[PDB]
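J.: Quick one: structure below, then a few questions.
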Amino acid sequence: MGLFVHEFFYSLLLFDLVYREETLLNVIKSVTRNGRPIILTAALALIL
Amino acid sequence: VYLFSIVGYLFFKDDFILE
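Chains D and C, in that order, are what the protein sequence lines are. Numbering of the first sequence is given in the deposited numbering, commencing with residue 2404 and proceeding in unit increments. Numbering of the second sequence is given in the deposited numbering, commencing with residue 2452 and proceeding in unit increments.
Okay, here's the thing in structure tokens:
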């Protein structure tokens, strides 16, 4: 998506390079592991 | 946040005149 392909994206590559950073990955984790059925605890309020 | 600027901005130009 910049070979000859349109604008943007470049942004996407930046996002994943920073993801490849771990420590931020550790803090990122501070939101998925006990989160995989806790996206379901969102709809609690969305129903409440 | 920085991407979802664009994700809006592509399908929706800001369409802003006054606050």
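Note that CB positions come from ideal geometry on N, CA and C, so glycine has one too.
For C/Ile2468, which residues in chain D fall below 7 angstroms Cβ to Cβ?
T.: Simply none; closest approach about 26 angstroms.
J.: Quick check: is the beta carbon of D/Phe2407 nearer than 8 angstroms to any beta carbon in chain C?
T.: no
J.: CB C/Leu2454 to CB D/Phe2418, shorter than 8 angstroms?
T.: yes
J.: Between D/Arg2439 and D/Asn2429, what straight-line distance do the alpha-carbon atoms span, to the nearest angstrom?
T.: 16 angstroms
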